[PDB]
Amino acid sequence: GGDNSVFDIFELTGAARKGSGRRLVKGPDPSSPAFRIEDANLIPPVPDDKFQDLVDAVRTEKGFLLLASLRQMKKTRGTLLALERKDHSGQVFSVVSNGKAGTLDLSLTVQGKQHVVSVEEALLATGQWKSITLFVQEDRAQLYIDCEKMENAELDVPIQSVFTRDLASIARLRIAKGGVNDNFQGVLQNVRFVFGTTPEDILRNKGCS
């Protein structure tokens, strides 16, 4: 990638330092902390200036790669991340692992209208550690789950539609915290936006064939 091409959300929030809202536990990556969510309201937001870097990256690429490892409580609907209005309450974007529907839901709010699509057949809420690679480009969403499963969906509007200039002045990025009653239940690890790479590159380097 180029400069500012990897954004580790938990690192950005300083959640490993803090103590409230989560427990540090082990995950698939032995070199980094995993986060069992306790009260996602208390996990700090990504700082404004870091979020604006992330926004500029998404705008430039017209897309992103979002990687996440998760161990999600079965039959729960859990927000992986969301862009919450600083206040005129509501969200402008979320990624939700929907264990009720067996989907990964992508929601975007543009000009005060909500546009939501389900990636179907994306049953992430099992007993177990799962690793995802979500590639969003223009109005397309492509989800790889572990190594050998791919599911796709199209958005009503392009992703850069949401990621406008000083989105940072209107919203902040929260991890594991969503709308109403949709906070993540379970463990998360290595929730990272990555730019200037392809899914193929990610998968090859994670040992998939």
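What we label the rigid core is the largest C-alpha set whose atoms superpose within 1.5 Å from one form to the other. Residues carry their position along the shown sequence, with the first being 1.
A.B. asks: When the core is superposed, where do the C-alphas shift more in 5 other deposited structures of this protein: in 16-24 or in 197-205?
C.D. replies: Between the two stretches, 16-24 moves farther in 5 other deposited structures of this protein.
A.B. asks: Can you check whether 143-151 or 59-67 lies farther from the displayed model in 5 other deposited structures of this protein, averaging C-alpha distances as RMS after superposing on the core?
C.D. replies: Checking 59-67 against 143-151 in 5 other deposited structures of this protein, I find the farther stretch is 143-151.
A.B. asks: As stated in the PDB record, which stretch has the larger average Cα B-factor, 193-201 or 7-15?
C.D. replies: Between 193-201 and 7-15, it is 193-201.
A.B. asks: May I ask you to compare 27-35 and 162-170 by their mean CA B factor in the entry and name the higher one?
C.D. replies: Of 162-170 and 27-35, the stretch with the higher C-alpha B-factor average is 162-170.
A.B. asks: Checking the record values for 183, 142, 60, 69, which has the greatest CA B factor?
C.D. replies: Within the set 183, 142, 60, 69, 60 shows the top C-alpha B-factor.
A.B. asks: Would you mind finding, among 119, 110, 124, 116, the residue with the largest C-alpha temperature factor in the entry?
C.D. replies: Result of the comparison over 119, 110, 124, 116: 110.
A.B. asks: Please place residue 73 in the lowest, middle or highest third of its chain according to the CA B-factor in the PDB entry.
C.D. replies: It belongs to the highest third of the chain when residues are ordered by C-alpha B-factor.
A.B. asks: Which third, lowest, middle or highest, does the C-alpha temperature factor of residue 79 belong to within its own chain?
C.D. replies: According to the entry, residue 79 has a C-alpha B-factor in the chain's lowest third.
A.B. asks: Going by the recorded CA B-factors, say which third of the chain residue 94 sits in, lowest, middle or highest.
C.D. replies: Within its chain, residue 94 is a lowest-third residue by C-alpha B-factor, going by the deposited values.
A.B. asks: Among the modelled residues of this chain, does the Cα B factor of residue 176 put it in the lowest, middle or highest third?
C.D. replies: For residue 176, the deposited C-alpha B-factor lands in the lowest third.
A.B. asks: If you rank every modelled residue in this chain by C-alpha B factor, which third holds residue 147: lowest, middle or highest?
C.D. replies: For residue 147, the deposited C-alpha B-factor lands in the highest third.
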